[PDB]
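Asker: Please find one structure pasted underneath; my questions will follow.
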Amino acid sequence: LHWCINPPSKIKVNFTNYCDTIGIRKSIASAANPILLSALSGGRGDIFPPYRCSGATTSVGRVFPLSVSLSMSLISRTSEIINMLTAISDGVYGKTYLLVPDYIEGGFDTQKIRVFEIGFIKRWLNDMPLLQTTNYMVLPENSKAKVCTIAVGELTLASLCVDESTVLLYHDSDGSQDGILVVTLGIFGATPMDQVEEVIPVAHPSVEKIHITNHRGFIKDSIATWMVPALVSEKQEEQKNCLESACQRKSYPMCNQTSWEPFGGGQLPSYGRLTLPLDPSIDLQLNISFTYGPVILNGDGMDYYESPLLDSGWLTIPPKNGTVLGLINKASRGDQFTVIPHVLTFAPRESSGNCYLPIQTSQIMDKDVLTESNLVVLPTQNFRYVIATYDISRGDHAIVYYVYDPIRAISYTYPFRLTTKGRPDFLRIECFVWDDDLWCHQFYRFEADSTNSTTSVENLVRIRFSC
Amino acid sequence: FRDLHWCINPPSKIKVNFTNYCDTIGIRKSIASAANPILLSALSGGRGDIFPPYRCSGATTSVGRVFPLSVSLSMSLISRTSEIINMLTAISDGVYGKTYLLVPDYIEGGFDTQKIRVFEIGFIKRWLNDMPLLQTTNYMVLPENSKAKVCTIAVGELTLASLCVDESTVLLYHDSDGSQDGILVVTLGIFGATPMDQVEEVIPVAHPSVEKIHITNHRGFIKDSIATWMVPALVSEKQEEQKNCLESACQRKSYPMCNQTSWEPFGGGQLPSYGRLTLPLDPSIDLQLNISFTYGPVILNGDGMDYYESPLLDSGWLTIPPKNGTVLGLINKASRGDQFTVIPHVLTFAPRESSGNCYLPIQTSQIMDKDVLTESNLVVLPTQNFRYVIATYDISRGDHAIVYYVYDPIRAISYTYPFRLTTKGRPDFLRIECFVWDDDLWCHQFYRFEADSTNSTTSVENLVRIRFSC
Amino acid sequence: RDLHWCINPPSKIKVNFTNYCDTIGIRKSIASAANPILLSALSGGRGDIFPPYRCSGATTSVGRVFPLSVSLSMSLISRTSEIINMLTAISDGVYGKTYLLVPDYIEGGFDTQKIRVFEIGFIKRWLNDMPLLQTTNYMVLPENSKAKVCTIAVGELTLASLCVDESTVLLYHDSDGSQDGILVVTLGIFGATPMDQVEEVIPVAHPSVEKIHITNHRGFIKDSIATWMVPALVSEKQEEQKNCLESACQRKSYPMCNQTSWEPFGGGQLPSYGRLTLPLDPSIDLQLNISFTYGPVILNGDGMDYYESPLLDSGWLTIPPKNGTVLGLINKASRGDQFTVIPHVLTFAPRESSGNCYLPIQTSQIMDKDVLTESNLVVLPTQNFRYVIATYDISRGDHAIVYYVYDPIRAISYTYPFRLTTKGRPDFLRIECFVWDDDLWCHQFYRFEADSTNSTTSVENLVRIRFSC
Amino acid sequence: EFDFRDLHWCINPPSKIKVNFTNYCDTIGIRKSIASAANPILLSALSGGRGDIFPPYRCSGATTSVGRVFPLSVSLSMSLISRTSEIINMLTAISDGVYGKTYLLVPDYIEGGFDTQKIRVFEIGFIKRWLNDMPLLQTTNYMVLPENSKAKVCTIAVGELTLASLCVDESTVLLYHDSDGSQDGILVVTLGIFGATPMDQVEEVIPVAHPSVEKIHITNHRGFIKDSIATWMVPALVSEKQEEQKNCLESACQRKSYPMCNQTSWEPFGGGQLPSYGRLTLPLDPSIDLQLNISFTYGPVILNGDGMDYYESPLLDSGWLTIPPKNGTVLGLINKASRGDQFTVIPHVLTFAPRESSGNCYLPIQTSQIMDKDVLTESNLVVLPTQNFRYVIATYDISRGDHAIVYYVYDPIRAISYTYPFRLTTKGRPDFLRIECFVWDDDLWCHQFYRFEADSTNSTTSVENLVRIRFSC
């Protein structure tokens with residue numbers, strides 16, 4: 136009777152190859168660490184104004200049109216870039232977008248290609264960020280890359296690509312179960328860059344579906360976490376009781392609806408955490424989880440930002456036309472998935488308090504389009520969240536940023552030169568703190584009267600709050 | 133089949149971490165191993181084919197087009213109407229490097245603030261439809277230094293080298309006589325903060341006959357961890373043979389050459405000789421910048437001399453760009469290693485009934501034209517067949533086009549680029565750097581022209597591909 | 134249970150099996166390595182003490198001398214090197230010695246230098262079931278300033294000492310400048326961290342205490358706390374003792390009130406017992422504690438031992454007899470928190486007294502003319518109470534040493550007709566007895582006098598007294 | 130096809146670890162802690178003894194030898210000797226600040242009948258300074274073997290805070306011949322510097338490398354312990370030595386060394402063949418059980434079977450094998466041998482290859498006229514652990530006017546001698562003699578043991594002391 140030590144799977148297949156991968160990854164991390172330190176030293180300081188000197192502050196905005204990224208180079212050549220998701224964390228950045236090759240003109244819409252890219256953030260002699268792409272990957276056309284999620288961190292990029300918006304977790308068990316094409320990117324061309332369509336293990340038999348439309352997570356401690364709506368058969372009774380308790384109020388249309396947004400009809404969606412352990416030791420496995428929480432009214436997107444706490448992260452939900460406000464519920468990254476409605480969840484009247492609701496109105500909202508973007512939780516000790524909108528009230532089309540603080544609320548618009556006729560069908564902002572400032576990377580698309588082509592415009596903007 | 137025996141799980145006291153059992157890999161080795169697939173994806177395309185297999189139609193034409201897509205930093209800066217001056221690019225084995233002087237316009241102080249030297253290096257990735265996409269993976273901006281005004285680019289083996297100096301003519305005298313000129317040395321890795329140097333260096337003069345060194349704009353390469361440049365130098369030992377050869381050639385029709393009392397590179401005295409700056413990039417060894425001079429064919433330009441790799445073991449093709457059209461270019465053959473010899477190969481005229489040790493450059497005033505011509509450098513392609521490319525800016529065409537003159541030892545093929553849209557403007561500085569890609573000719577070009585405003589010079593840089601089909 | 138099969142791992146997989154468990158501390162490892170010796174001593178010796186049955190009822194004493202020992206002091210004596218004042222403290226299977234070593238290789242005047250040595254070692258059986266005092270560690274103190282007197286306290290594989298140059302510590306009278314200090318010395322069984330010598334500045338528990346009289350004392354190290362017993366001078370207790378002194382003065386016991394000044398402190402008042410305590414912790418607060426207490430009057434403060442008692446937190450206390458007084462004094466004492474002393478035996482309670490006073494028995498006519506240098510009272514380590522004192526006798530023609538093993542019921546004696554040395558007169562005779570395999574083993578030591586004034590020979594040798602029915 | 134998830138890699142632990150890992154590494158921790166505790170003493174001893182190995186260059190003339198005795202010691206052997214108890218066959222070994230002794234003890238203090246038995250005693254200890262810059266041999270541990278005393282003859286090896294000694298009842302150990310009945314076993318005795326755990330006493334069978342080795346001779350073999358391995362050298366019996374040794378003997382026989390050929394039988398083994406070099410290694414590690422593998426290699430002839438002393442060499446894997454001279458022969462042997470690899474003995478010193486011969490064989494020198502007809506007894510040669518190669522021998526003779534003992538401190542240039550007239554017993558017959566030397570405080574310290582028989586009363590008296598030789602310009 137000898138002593139067997141159990142090694143992780145995929146290390147016993149080729150220990151030498153595993154350890155060559157380990158050494159290459161460690162060397163790449165060591166080589167790229169000085170750039171990360173140089174970029175993060177200024178950013179990690181603070182965001183709050185130190186001294187209150189003039190009371191009410193002023194807003195100064197500047198557009199920085201210089202970058203080394205592949206996306207802006209493609210856009211500069213009038214190439215259709217649609218559905219771009221960008222994530223900025225740990226000093227690195229990532230992008231996934233659908234590219235339409237206009238170099239050769241054949242037909243009108245033949246195929247759309249998906250491009251990933253992960254790069255650095257660097258100074259440009261004026262203490263300004265310079266987004267530089269150090270790697271990219273282009274998927275083959277015959278793949279399920281229509282809808283993917285972005286999650287960048289620890290010098291790595293990960294994604295969950297699926298052709299259909301709604302993944303059939305358990306209903307399609309009898310047939311060919313839907314797979315999620317996991318796409319992983321390193322910061323330098325090497326083995327970490329791999330893609331594999333893998334069957335996703337359910338949390339329980341209770342979980343039935345998964346909705347993946349436009350999501351964002353992060354990577355920390357070699358884990359990849361996303362938050363997507365799910366469909367379970369146990370949250371239904373308590374959520375129905377809470378919804379009926381809220382229905383007696385003036386919020387009649389909420390309970391008047393017979394079919395919910397993320398999944399047609401049926402029951403309410405439930406929060407769902409997709410966990411992807413990203414380590415070279417073991418193989419890839421999408422560990423889905425779920426947990427009942429506040430009522431979810433829209434399933435367009437569900438981001439997941441990092442928090443200064445130990446094992447918790449904010450869970451934002453972009454506002455939808457009809458629901459004036461979006462949830463910023465807290466989420467647990469640990470072994471047990473818990474969702475606590477930290478802020479922006481209206482607790483109902485005459486209720487036990489175990490269930491929360493968002494705030495919606497029927498006629499309060501502006502009849503203008505006023506397209507809003509996903510709200511972003513800034514990485515800093517103080518809690519601030521930024522949401523951009525496509526303002527229309529002024530004579531010139533504009534984008535308005537709301538950095539929420541309990542003390543004051545002032546927003547002024549400087550003239551935006553680029554376009555005066557705007558039909559925004561998409562808008563996403565990704566913000567980060569750089570030298571005690573708010574640098575937001577915004578992307579949006581248009582629709583023109585000529586209808587010859589749709590122009591997608593993206594740039595970096597900095598808002599300076601001067602005392 | 134032979135299993136040792138059935139086993140029992142040992143007590144949980146022992147925890148085994150499998151990461152500690154094997155050894156770690158160095159940063160340079162890991163970086164090279166990572167970058168190897170990207171280098172191979174371009175080397176295979178380059179080495180797939182060189183020339184058409186058979187003359188399908190009995191005659192070959194030329195098809196050319198521009199490729200505006202690029203994810204380089206210089207293209208991004210140009211897109212933001214930022215002024216870029218004197219960019220030298222050295223494409224080699226799927227790695228490129230650039231050295232340019234930036235003139236910031238967002239900074240507003242006085243009228244002229246400062247010019248900053250920028251270095252960048254990166255791969256040549258396969259874009260869709262099998263196109264060359266120049267990607268930048270690392271770059272470096274020098275803090276304000278006097279010695280970064282003129283630099284030489286030398287790219288190869290996943291690293292960059294540069295020899296920046298302040299004055300055009302670097303003086304090489306014993307000890308320090310008054311003010312001394314030093315040669316700044318720059319180095320860049322392909323990624324991250326790897327062992328790299330930005331150290332000012334004092335030249336080991338080697339043979340003390342070298343007195344000056346001229347560095348206008350030179351290209352070299354890094355082979356076997358050795359960076360080699362070729363620059364004119366001024367020696368005062370052996371000038372009688374060249375003087376006798378010039379006197380013998382003066383009686384011929386080559387009157388203007390023998391009429392010069394003072395030459396172009398170094399004022400007065402003896403004509404320049406051929407030098408060679410050698411920089412061993414072995415990180416264990418301290419940096420030394422050796423110099424190996426050797427006389428050769430007479431130099432008539434001296435304002436720029438590139439140096440390209442050769443298929444032979446220790447050979448190269450140092451080139452001299454044409455000067456004002458009247459003097460044509462030269463393509464010599466320079467040795468590498470401890471010895472250094474120069475053997476005239478192409479575009480060289482051997483005088484009749486001469487000493488035999490002097491070869492002279494072809495020089496005809498008939499080629500000179502009132503048409504404003506800005507000839508570029510001679511670019512030797514990295515192919516087995518010896519072919520060199522010439523790019524000329526001419527206004528004879530109504531489109532204010534740029535003409536490429538691809539030359540062969542057998543034939544000569546010329547292709548024009550009427551794609552030029554801006555007609556107004558006189559070019560000031562045109563450079564090209566060609567490379568082979570999927571059995572095709574790609575030539576990265578950069579040129580600046582001054583418009584009618586007398587204060588605006590637009591730096592235009594783009595890739596052009598010329599295809600010759602049977 | 135059986136975990137299926139194996140496969141040969143790659144050659145890069147080699148494990149040392151060594152980095153994978155705890156690191157044992159120095160003191161814990163030393164205690165683990167030394168425990169079997171302490172077991173072989175304690176279980177072998179302390180199992181049987183007294184004759185189990187009355188049998189005849191009249192016992193005889195047969196004795197024998199065992200000169201073999203690996204002790205360093207024995208070897209030094211064998212090389213004719215003078216040792217002046219040695220205190221040995223045997224407890225729990227370990228021994229320790231402190232003695233003035235006088236190098237006589239080169240001599241000048243009276244004494245060129247005397248240099249202290251502290252040694253601690255085990256007690257081993259030597260294939261005849263006899264004790265072999267092996268020396269395992271020792272430390273030497275150069276005679277810089279403090280090498281005059283010390284106290285010995287051996288226990289828990291550790292030695293302790295309180296060395297002061299002055300005969301009596303001037304604890305409070307020197308507080309104007311720098312008060313006097315006591316060179317604390319600590320040894321371990323094997324050379325390690327506990328071995329330290331850190332002189333400590335004294336916080337005093339009582340403002341009344343002012344003198345400490347360190348001459349020759351023995352203590353023990355119990356529960357990592359080294360405690361001794363030293364007489365101390367206080368003025369308050371004399372107020373209570375004065376009534377008893379006046380009552381005894383008018384009584385027939387004239388020699389009690391005849392005394393006007395005491396040896397330990399000239400003039401002054403009646404000294405009181407002071408429990409010196411040194412909590413031995415390797416990390417924090419190596420400081421002393423002095424807690425005076427009332428008790429029986431001290432006729433002689435020359436020496437005061439401190440033997441462990443079989444009670445919960447109690448300890449014995451002895452005072453060796455002095456010439457002029459016929460008896461010593463044994464009184465109980467408790468360690469921990471408050472300090473109280475209640476006389477156990479050998480104290481006479483005067484009649485018609487308030488009760489807060491006790492007097493040892495003294496007779497001025499029983500004493501014989503010949504000079505007898507008695508040794509300290511020693512309490513044997515057993516449940517019973519047997520105290521043994523060795524007396525040097527000159528009346529007998531063999532110049533024998535007589536071991537008076539005193540018990541309150543039956544008193545027994547034995548004489549050692551050995552080492553005549555008629556010209557020799559003892560100067561310092563000390564013993565340290567212990568029970569070993571149902572026998573009384575004593576470790577005597579003495580020094581002779583010279584008629585030629587040039588011959589001083591320390592004589593250290595273990596002796597055993599056997600009682601059988 | 131084995132499924133890899135259920136399949137496991139298995140490692141092979143040592144036998145002692147597998148049975149009780151907890152106990153094994155508890156012993157490992159205790160040993161490491163004791164070694165760390167004892168390290169300061171060894172460091173102080175090494176610091177005191179390293180400096181000034183040799184005096185400077187000659188100032189006026191030849192250096193003068195100064196002798197001094199030091200009877201003070203805290204060893205058990207000295208205390209036993211001082212009590213008029215005889216000590217027989219003591220093998221002292223001093224190395225790296227720790228010494229060790231194995232001596233037969235004759236109990237006479239308590240006598241029952243006529244005689245009970247002789248007792249083996251194993252004693253380890255420390256070398257400590259005694260405020261006068263001379264060593265103090267202090268015994269920190271000792272072991273007394275039981276009354277049966279299977280150990281009549283034992284070796285000695287000390288190093289790395291350990292004592293090890295192979296013990297055999299008979300001088301000759303028959304590895305193969307006595308396998309028909311009960312195979313001869315060697316009693317391995319080890320003991321740590323302090324405590325109660327480290328001691329082991331086990332009788333184990335010898336796994337010799339090849340059957341070619343049939344016998345060994347274990348009488349007096351000082352070794353040492355380095356890298357947790359204890360090494361000894363004993364004569365060995367092999368069958369393949371004759372083909373070269375007899376040829377060499379006949380090739381060098383025509384010289385003056387006729388009696389060497391004239392001997393029909395050799396002293397270590399009656400008849401048979403010439404003795405061969407042998408090496409015993411004891412891996413002293415808690416993880417691995419005790420095994421004793423005997424190697425062998427070829428070398429110069431072994432003139433006497435008294436015993437071969439193995440010493441530590443400054444080189445990486447070298448050892449100054451040493452053989453004492455026998456009566457008649459004036460010069461012994463100081464060879465060179467390797468440790469840890471295949472056994473190989475090169476005859477560095479005391480061998481002169483005969484001229485006009487093959488040259489592949491080496492022979493020592495002999496001269497019968499030197500010893501004359503007086504009772505002169507010489508001891509073993511001690512290789513000092515210094516940078517410069519040295520060797521010391523001690524001779525006890527009556528030819529000296531004071532019946533003294535002469536110490537021939539040998540030097541590559543000349544030889545120096547000192548006499549100890551402290552011998553006040555003219556009627557002295559040395560039955561046994563042995564010296565062990567070490568360097569301490571820029572002097573030469575030697576520990577001698579001369580068991581001499583007093584003919585005045587016909588009673589043997591064992592005498593041992595510590596003597597130091599000082600060389601001053």
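Residue numbers (the entry's author numbering), protein chains in the order written: chain C, 136 to 602; chain D, 133 to 602; chain B, 134 to 602; chain A, 130 to 602.
For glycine and all other residues, C-beta sits at the position ideal for the given N, C-alpha and C.
Contact between the region 506 to 513 of chain B and the region 438 to 457 of chain B: three or more CB pairs below 8 Å?
Answerer: yes
Asker: On a CA-only basis, which of A:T515, A:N168, A:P415 and A:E240 is nearest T326 (chain A)? Give me that one, please.
Answerer: For the purposes of this step, residue 326 (chain A) is taken as the residue at position 197 of the fourth sequence. The shortest CA-to-CA distance from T326 (chain A) to any of A:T515, A:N168, A:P415 and A:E240 is the one to A:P415.
Asker: Excluding sequence positions up to five away, which residues of its chain have a Cβ less than 7 Å from the Cβ of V331 (chain B)?
Answerer: As a first step, residue 331 (chain B) is located in the third sequence; it is residue number 198 there, counting from the start. Excluding positions up to five away in sequence, the list reads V317 and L419.
Asker: For the alpha helix (DSSP H) that contains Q374 (chain C), what are its first and last residues?
Answerer: Numbered from 1 along the first sequence, position 239 holds the residue referred to as residue 374 (chain C). Note, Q374 (chain C): alpha helix (DSSP H), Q371 to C382.
Asker: Do the region 157 to 175 of chain C and the region 549 to 559 of chain C meet, that is, are 3 or more Cβ pairs less than 8 Å apart?
Answerer: no
Asker: What do you reckon, are the CB atoms on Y439 (chain B) and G448 (chain B) nearer than 8 Å?
Answerer: In the third sequence, counting from the first residue as 1, residue 439 (chain B) sits at position 306. In the third sequence, counting from the first residue as 1, residue 448 (chain B) sits at position 315. Against a cut-off of 8 Å, the Cβ pair of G448 (chain B) and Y439 (chain B) comes out as a contact.
Asker: Does the beta-carbon of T231 (chain C) have 16 or more other beta-carbons within 10 angstroms, so that it is buried, or is it exposed?
Answerer: Locating residue 231 (chain C) in the first sequence gives position 96, where the first residue counts as 1. Buried, by the Cβ-count rule.
Asker: Quick check on the DSSP output: the alpha helix (DSSP H) that includes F150 (chain D) runs from which residue to which?
Answerer: Translated into the one-based positions of the second sequence, residue 150 (chain D) becomes position 18. It is not in any alpha helix (DSSP H) - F150 (chain D) carries neither H nor E in the DSSP assignment.
Asker: Look at the alpha carbon of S380 (chain D) and the alpha carbon of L403 (chain D), and state the distance between them as a whole number of angstroms.
Answerer: Taking the second sequence and counting its residues from 1, one reaches residue 380 (chain D) at position 248. Taking the second sequence and counting its residues from 1, one reaches residue 403 (chain D) at position 271. Approximately 16 Å between the Cα atoms of the pair.
Asker: Three or more C-beta pairs closer than 8 Å, one from the region 210 to 221 of chain D and one from the region 237 to 252 of chain D: is that the case here?
Answerer: yes
Asker: Could you tell me whether the Cβ atoms of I140 (chain A) and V227 (chain B) are closer together than 8 Å?
Answerer: Here residue 140 (chain A) is taken as the residue at index 11 of the fourth sequence, counted from 1. Here residue 227 (chain B) is taken as the residue at index 94 of the third sequence, counted from 1. Against a cut-off of 8 Å, the Cβ pair of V227 (chain B) and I140 (chain A) comes out as no contact.
Asker: Reducing DSSP to helix, strand and coil, say where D307 (chain A) ends up.
Answerer: Start at 1 with the first residue of the fourth sequence, and residue 307 (chain A) comes out as number 178. It is helical.
Asker: For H137 (chain A), which residues in chain D fall below 7 Å Cβ to Cβ?
Answerer: By one-based count along the fourth sequence, residue 137 (chain A) stands at place 8. Neighbours of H137 (chain A) on chain D, chain order: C139.
Asker: Of all Cβ atoms in chain D, is any one closer than 8 Å to the Cβ of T269 (chain C)?
Answerer: As a first step, residue 269 (chain C) is located in the first sequence; it is residue number 134 there, counting from the start. It does: the Cβ of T269 (chain C) has a partner Cβ on chain D nearer than 8 Å.
Asker: Taking Cβ to Cβ, would you say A293 (chain B) is nearer than 8 Å to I239 (chain B)?
Answerer: Against the third sequence, residue 293 (chain B) aligns to sequence position 160. Against the third sequence, residue 239 (chain B) aligns to sequence position 106. Against a cut-off of 8 Å, the Cβ pair of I239 (chain B) and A293 (chain B) comes out as no contact.
Asker: Considering only the beta carbon of each residue, do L505 (chain A) and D526 (chain A) sit closer than 8 Å?
Answerer: Position 376 of the fourth sequence, counting from 1, holds the residue named residue 505 (chain A). Position 397 of the fourth sequence, counting from 1, holds the residue named residue 526 (chain A). Yes, the Cβ-Cβ distance between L505 (chain A) and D526 (chain A) is below 8 Å.
Asker: Please identify, using Cβ separations under 7 Å, the residues of the region 141 to 172 of chain A that lie next to chain E, in order along the chain.
Answerer: Going by chain labels, chain E is absent from the structure shown, which instead holds the protein chains C, D, B and A.
Asker: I322 (chain D) to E289 (chain D), Cα distance in whole Å?
Answerer: On the second sequence, position 190 is the one that residue 322 (chain D) refers to. On the second sequence, position 157 is the one that residue 289 (chain D) refers to. Roughly 9 Å separates the two Cα atoms.
Asker: Since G407 (chain B) and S424 (chain B) are thought to touch, with beta carbons under 8 Å apart, how far apart are those beta carbons, to the nearest angstrom?
Answerer: For the purposes of this step, residue 407 (chain B) is taken as the residue at position 274 of the third sequence. For the purposes of this step, residue 424 (chain B) is taken as the residue at position 291 of the third sequence. Yes, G407 (chain B) and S424 (chain B) are in contact; Cβ-Cβ is about 7 Å, under 8 Å.
Asker: Can you list the residues of chain B that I248 (chain A) reaches, using a CB-CB cut of under 9 Å?
Answerer: Numbered from 1 along the fourth sequence, position 119 holds the residue referred to as residue 248 (chain A). Near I248 (chain A) (Cβ distances below 9 Å), the residues of chain B are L260.
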